[PDB]
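Presented as structure tokens, the chain that follows is alone, the form deposited in one PDB entry.
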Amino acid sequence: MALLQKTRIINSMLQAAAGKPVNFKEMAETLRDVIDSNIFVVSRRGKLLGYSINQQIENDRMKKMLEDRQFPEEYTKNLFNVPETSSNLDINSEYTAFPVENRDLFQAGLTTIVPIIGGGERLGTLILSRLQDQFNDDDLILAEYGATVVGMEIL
């Protein structure tokens, strides 16, 4: 589908949701639907504000992070070192959203890191991951739209 269709999908969701008690789970599921990727909305200190999983993986440490709603400390800290969107980061990147013990299995795993920003403040990070299919401009548009509005709905 065309980009305008996908943006319309986010827009209808935003239009109906404003105002109800903010729903990051819903935003993550929407982005997952239009970007076709795993979605994690991660706070400054690693708290999962929302996520939506597009691939079930059999890694226990990963399943725990989602049950805990908490990403690792070091990994989460290091996300501040990416000041601007950085896309198509491969399995060997320190920023990969796939678990490192499974690099062999997820050799084609791609990660996109999107700073969530609001008031000149890095409020969090929106992480996108999936297998094999390179992220393109359209995915970035949708990703950044979502990160911007999440940055707003965080306030």
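The numbering used is simple: start at 1 and walk along the sequence shown. Here the rigid core means the biggest group of C-alpha atoms that line up within 1.5 Å when the two forms are laid on top of each other.
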Taking the deposited Cα B-factors and averaging over 5 to 13 and over 20 to 28, the higher mean is found in 20 to 28
Do the CA atoms of 64 to 72 or those of 108 to 116 have the higher mean B-factor in the entry? 64 to 72
Whose C-alpha has the highest temperature factor in the PDB entry: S129, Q56, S87, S93? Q56
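What follows is about the form deposited in another entry, which we do not show.
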Pick from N102, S86, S43, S52: whose Cα moves by 2 Å or more between the shown form and the other one, rigid core superposed? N102
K63 C-alpha relocation of at least 2 Å between the shown form and the other one, rigid core basis: yes
Does the C-alpha of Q15 move 2 Å or more between the shown form and the other one once the rigid core is lined up? yes
Classify the change in Cα distance between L110 and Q56 in the other entry as closer or farther, relative to the shown form (magnitude of 3 Å or more). closer
Since the C-alpha distance between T112 and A17 changes by 3 Å or more in the other entry, give its direction relative to the shown form: closer or farther. farther
